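Asker: need a structure here:
(2 chains)
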Amino acid sequence: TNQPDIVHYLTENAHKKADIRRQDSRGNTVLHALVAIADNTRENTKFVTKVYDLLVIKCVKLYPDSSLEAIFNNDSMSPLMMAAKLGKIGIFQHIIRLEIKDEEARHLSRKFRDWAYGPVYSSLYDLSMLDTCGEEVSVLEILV
Amino acid sequence: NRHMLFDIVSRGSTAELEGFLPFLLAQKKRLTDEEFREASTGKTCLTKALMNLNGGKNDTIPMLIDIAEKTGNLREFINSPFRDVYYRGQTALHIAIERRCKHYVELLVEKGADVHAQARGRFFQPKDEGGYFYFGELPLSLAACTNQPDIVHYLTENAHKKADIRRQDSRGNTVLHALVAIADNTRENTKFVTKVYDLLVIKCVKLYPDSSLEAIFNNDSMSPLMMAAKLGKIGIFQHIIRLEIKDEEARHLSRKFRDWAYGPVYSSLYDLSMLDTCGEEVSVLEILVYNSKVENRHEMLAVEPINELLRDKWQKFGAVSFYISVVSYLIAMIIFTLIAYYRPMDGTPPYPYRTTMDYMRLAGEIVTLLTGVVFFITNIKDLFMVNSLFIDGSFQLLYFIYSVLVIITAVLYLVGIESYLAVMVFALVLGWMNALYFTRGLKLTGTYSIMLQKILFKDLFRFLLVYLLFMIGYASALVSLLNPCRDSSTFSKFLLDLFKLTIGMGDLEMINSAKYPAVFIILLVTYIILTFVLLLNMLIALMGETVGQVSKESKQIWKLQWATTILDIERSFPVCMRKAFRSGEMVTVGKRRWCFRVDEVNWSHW
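Answerer: Residues are numbered from 1 along each chain as shown, chains lettered A, B, ... in the order given. Below, you will see the structure:
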């Protein structure tokens, strides 16, 4: 509903909290619904990137052991793996360009900065799911 | 230990480094010792101090000089370059300029710093050599590459030691050549490089009025104007050409001038000092055509003076060189007419050549045949490795067919068959009718069909070779079927009957279609299908060409070939006739040069 104010209220609560890791009958978490409602318009690519950054940092701060991206579906699909199926671009280009400036949630950032000798910047992208060497299925395979 | 010392400098806490100056008095250890320096690269404490910065400020930086002062290494602890190979030659002076510590650049030189240190490492090479960034290995050139004139104000004037602007590197490049190497055709990078290029030359004249900074060449004898044509950089190119300096002490090297302004008409003036080198080594315009392989050469020829400089020599060497080409073709025709009509024609070629009046026409076979040989071999070499300015590209295919029939004719009277006379007079009819392409005149407006006729000439010559190698190959195949004895004169009969089937003469000698009817048809049907697709490969290569890029490229190569041919005409004349029709005039400006007059019309500026 483009409303983080209930998201502030559901996660912290003196009565009962809201589990972010909870799936559904389709085995989809809170991130997969953001991919399903994602559209390639101007407005819808804006706030979904705001919520996607908000939930993962809140997931690390409440639970430092696991990441919210690690949980798969009934088809064993990450939110990066799902965005190639439905063909959604704005949520795809944000997960790839993921550089989180919260140092407690640093260890899952995707884009890095190696060295900057003035005019030359040395970015760094991870191939954790792009070229699966000995795994089940890749991002690039489902792209094709 | 050493490991605690290399850490706390990055921590930036001088209270955790106290008492170390009396500690070196006991153990007599210098700061530039082996254990007080990284064993792999040579990274020292001061170099580590400048990498990790606390907002660009580390208080150990005057303190590391303080401890080095009591040991007596002020010209050593600062001037110790890197010992490695990949980051070779980089000092602490290179790092402080890099991270823009203007307060700390002043601290290094006042305590004693080598200004002329060269960072000649493999990393500091250009991208063709394997490095990632190039600045000409000089800290004065490095400050110009960081878009920072503030160090350039500090290095040039200094009470301790100044910075020589004229200093080269191991590649022989000065401070201007590094600005050309870092130049990019973006919006931001074309801005400040023009600001630094004006700043350095005026400062070079004010400090040294005798010489100009543009005069110093490279190891390849290249000026900064000569270098920008090699790497194909436009923004630094268009600023050196449009160079009008309003500092009157540095007036005598300005490029653009203002002759007279009678209201709406402005009279600009561009110098041809390097654009048309009359008696010098190599020119700007020559490297724009003969050497530059950059894609931006079409835009770079569209600068202001060269669009009119190429029209200068075209109006003087265009119609003259074209009319000689018409006459020199007519000379080769009248020679061939005297060969054909004066043959004795007995029926047994060749002929006795002792007769002097028959020795004269023997020289005609030297002239005519060899011209067809040179045009035959060079175009095949040009195919593996269409100048429609003068004569359109349909002539080059037709003159090729003229060139093919000459060398076939030369074989036939050397074999011994007297039927050479049909083909010899046949090409004579084409050659006079090839002169009908001379009546167009001269073309300067580019059409889209010009690039099309290169591929027309390309694949039809491929279409003929895929024909003839197939006809010879299939005829040589059928001789291998002949296991009993067969005769070597059968191969002439296979190839004779094989040519007639493609035309449809139907006058054969061995191949009887009534013998094997069901096989002769299905080979002939598939022969139609092989030839019909190769005809469609012509049309798809044309239809797939005239859609996307022909709207730009036909107004690029036509501009490029118009510049390419006129310099090939320029190389044809000797050095004596070169000075005759040289464009440009002598206009005495200041305290005289061969510049070029350009007119303007403007209504806004007053």
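Asker: now the strands for chain A?
Answerer: A:111-117, A:120-125 (DSSP state E).
Asker: near chain B, which residues of chain A?
Answerer: Applying Cβ under 8 Å from any Cβ of the partner chain, we find that chain A lies next to chain B at A:117-120. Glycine gets a C-beta too; all of them are placed from N, C-alpha and C.
Asker: Switch these over to a markdown table; also include neighbour count and distance to residue A:82.
Answerer: Below are those laid out as a markdown table (neighbours: other Cβ atoms under 10 Å in any protein chain shown; distance: Cβ to Cβ, whole Å):
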| residue | neighbour count | distance to residue A:82 |
| --- | --- | --- |
| A:117 | 14 | 38 |
| A:118 | 17 | 40 |
| A:119 | 14 | 38 |
| A:120 | 9 | 35 |
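Asker: Could you report the neighbour count for residue A:100?
Answerer: Close neighbours of residue A:100, defined as other Cβ atoms under 10 Å in any protein chain shown, add up to 17.
Asker: sorry, back to before: I'd like the residues of chain A next to chain B as a markdown table, with distance to residue A:25 appended.
Answerer: Output for these, formatted as a markdown table (distance: Cβ to Cβ, whole Å):
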| residue | distance to residue A:25 |
| --- | --- |
| A:117 | 53 |
| A:118 | 54 |
| A:119 | 53 |
| A:120 | 51 |
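Asker: that older thread, can you redo the strands of chain A as TSV, where the extra columns are distance to residue A:79?
Answerer: Formatted as TSV, the strands of chain A follow (distance: least, Cβ to Cβ, whole Å):
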stretch	distance to residue A:79
strand A:111-117	17
strand A:120-125	17
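Asker: how about these, which one is nearest residue A:42?
Answerer: strand A:111-117 (23.0 Å; Cβ to Cβ).
Asker: Give me the contact list for stretch A:117-126.
Answerer: With contact meaning Cβ atoms under 8 Å, 6 or more residues apart in numbering or on different chains, stretch A:117-126 is reached by A:96, A:110-116, B:98, B:132-133, B:145-146, B:182.
Asker: rerun at 10 Å
Answerer: Identification of contacts with stretch A:117-126 by Cβ atoms under 10 Å, 6 or more residues apart in numbering or on different chains yields A:96-99, A:108-116, B:95, B:97-100, B:123-124, B:132-133, B:135, B:142, B:145-148, B:182, B:184, B:189.
Asker: Could you export the longest helix anywhere in chain A as CSV, keeping only the C-alpha atoms?
Answerer: The single longest helix within chain A, with elements called by DSSP state H, is helix A:44-62. Output of helix A:44-62 as CSV, limited to C-alpha atoms (Å, rounded to 0.1, in the frame of the first residue of the first chain):
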residue,chain,number,x,y,z
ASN,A,44,6.2,2.3,-8.9
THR,A,45,9.9,1.9,-9.4
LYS,A,46,10.5,4.6,-6.7
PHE,A,47,8.9,3.4,-3.5
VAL,A,48,9.5,-0.3,-3.9
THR,A,49,13.3,0.4,-3.8
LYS,A,50,12.6,2.4,-0.6
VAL,A,51,10.8,-0.5,1.1
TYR,A,52,13.3,-3.1,-0.1
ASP,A,53,16.1,-1.2,1.6
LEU,A,54,13.9,-0.7,4.7
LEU,A,55,13.0,-4.3,5.3
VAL,A,56,16.4,-5.9,4.9
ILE,A,57,18.2,-3.6,7.3
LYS,A,58,15.4,-4.1,9.7
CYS,A,59,15.8,-7.9,9.2
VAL,A,60,19.5,-7.7,10.0
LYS,A,61,19.0,-5.5,13.0
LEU,A,62,16.4,-7.9,14.5
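Asker: Tell me which other helices or strands that helix touches.
Answerer: Applying 3 or more Cβ pairs under 10 Å, 6 or more residues apart in numbering or on different chains; DSSP states H and E, one finds that helix A:44-62 makes contact with helix A:4-11, helix A:30-36, helix A:90-96.
Asker: Most distant residue from the centre of chain A?
Answerer: residue A:118 (31.3 Å; Cα atoms, centre = their mean).
Asker: for residue A:34, what are its contacts?
Answerer: By Cβ under 10 Å, 6+ apart, the neighbours of residue A:34 are A:47-49, A:51-52, A:55, A:79, A:82-83, A:88, A:91.
Asker: which among those gets closest to chain B?
Answerer: residue A:49 (27.4 Å; Cβ to the nearest Cβ).
Asker: buried stuff in stretch A:81-96?
Answerer: For stretch A:81-96, a neighbour-count test (16 or more other Cβ atoms under 10 Å in any protein chain shown) marks A:81-84, A:88, A:90-92, A:94-95 as buried.
Asker: measure that stretch end to end?
Answerer: From its first residue to its last, stretch A:81-96 covers 12 Å (Cα to Cα, to the nearest Å).
Asker: for stretch A:12-21, same thing?
Answerer: Chord length of stretch A:12-21, first to last residue, is 15 Å (Cα to Cα).
Asker: What count of nearby residues applies to the nearest residue to residue A:4 once chain neighbours are set aside?
Answerer: Computed as Cβ to Cβ, 6 or more residues apart in numbering or on different chains, the closest residue to residue A:4 that is not its neighbour in sequence is residue A:54, at 6.1 Å. Using other Cβ under 10 Å, residue A:54 has 14 neighbouring residues.
Asker: Next up, the contacts around residue A:54.
Answerer: A:4, A:7-8, A:11 are the contacts of residue A:54 under Cβ under 10 Å, 6+ apart.
Asker: Quick check: the farthest pair among the residues of chain A next to chain B?
Answerer: A:117 and A:119, at 7.7 Å, using Cβ to Cβ across the residues of chain A next to chain B.
Asker: quick one: stretch A:125-139 to chain centroid distance?
Answerer: 16 Å (Cα atoms, centre = their mean, to the nearest Å).
Asker: swap in stretch A:88-97?
Answerer: On Cα atoms, centre = their mean, the centre of stretch A:88-97 falls 9 Å from the chain's centre.
Asker: quick one: contacts of that stretch?
Answerer: Applying Cβ under 10 Å, 6+ apart, the external contacts of stretch A:88-97 come out as A:31, A:34-42, A:44-46, A:48-50, A:52-53, A:69, A:78-80, A:82-84, A:86, A:110-111, A:123, A:125-126, A:129-130, A:139, A:143.
Asker: let's see it at 6 Å
Answerer: Stretch A:88-97 is touched from outside by A:35, A:38, A:40, A:45, A:48-49, A:80, A:83, A:111, with contacts defined as Cβ atoms under 6 Å, 6 or more residues apart in numbering or on different chains.
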